[PDB]
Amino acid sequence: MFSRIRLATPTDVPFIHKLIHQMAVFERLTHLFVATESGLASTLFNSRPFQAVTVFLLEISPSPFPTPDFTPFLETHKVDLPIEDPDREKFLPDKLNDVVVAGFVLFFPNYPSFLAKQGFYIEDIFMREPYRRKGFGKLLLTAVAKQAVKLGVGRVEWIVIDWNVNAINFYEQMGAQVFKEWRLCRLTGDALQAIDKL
C-alpha cells in the first residue's frame, strides 16, 4: 500500500474543511468551529508555500502514485488487515483513481528569537480514524521535519492538551521534547474588540 504527501492547493479546500471539522469533533471544540470553504480558500493561499500557512495532505493508494522548493514524499509499506473507510467518497481528489485523503498537517513559520531565525509551528496533525496506528501519522510529522531541514529551519514546535495522552505518547516516541510547565494564553476576537474600544 502506497502513500503520498503533497502540498494542498485550492481544489483541496473541501477536504481540509472536512478534516478540520473532524478534528474539532474529536477535540470537543466544535462550538469554536466557524471555518468554511470560502474562508479557507480566502486565507490559506495569500503567501507562497512555507512563507506562511501551509498544508500537507497525506494520500493513500493500493497502486503506485504516478509521476517549487518542494517534491512530494512517496512511501510504501504493508498494512495487516483491510482498511474500512465509511467516508471514502468524501475524500477523493479525482473520482477515477483510487487515491484517498487520509490525513493532513497544517503549519506555518514561527520565530524562536534566541535562534534569530524561523522555525515551523505545527497547528494541526490529524489522521482520519480508519487510518490511525498504521505508521501514516509519523510520515506527516517526518514530512514537516525533512522540509524544515531542506529550508534550514532551525526548530519545529507545537502544543498538546494533556487529556490527549495518545498524542503525547506519539510525540515522545517521535523523539520530541515535551514541556508541561507552559500555559496557553489567548485574547479572543471579543477580547480584542473590547481592547479596541479604548
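The first residue of the sequence shown is number 1, and the count goes up from there.
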| property | result |
| --- | --- |
| Interval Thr67-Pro68, deposited residues with no coordinates in the entry (none, 1 to 3, 4 to 9, 10 or more) | 4 to 9 |
| Average Cα temperature factor in the PDB entry - higher stretch of 5 to 13, 186 to 194 | 186 to 194 |
| Mean C-alpha temperature factor, higher of 116 to 124 and 86 to 94 | 86 to 94 |
| Which of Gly39, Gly135, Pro49, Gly154 ranks first by CA B-factor in the deposited coordinates | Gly154 |
| Of the residues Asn164, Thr54, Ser63, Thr142, the one carrying the largest Cα B-factor as recorded | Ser63 |
| Cα B factor band for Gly103 (lowest, middle or highest third within the chain) | lowest |
| Entry-reported Cα temperature factor of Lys146, expressed as the chain third it lands in | middle |
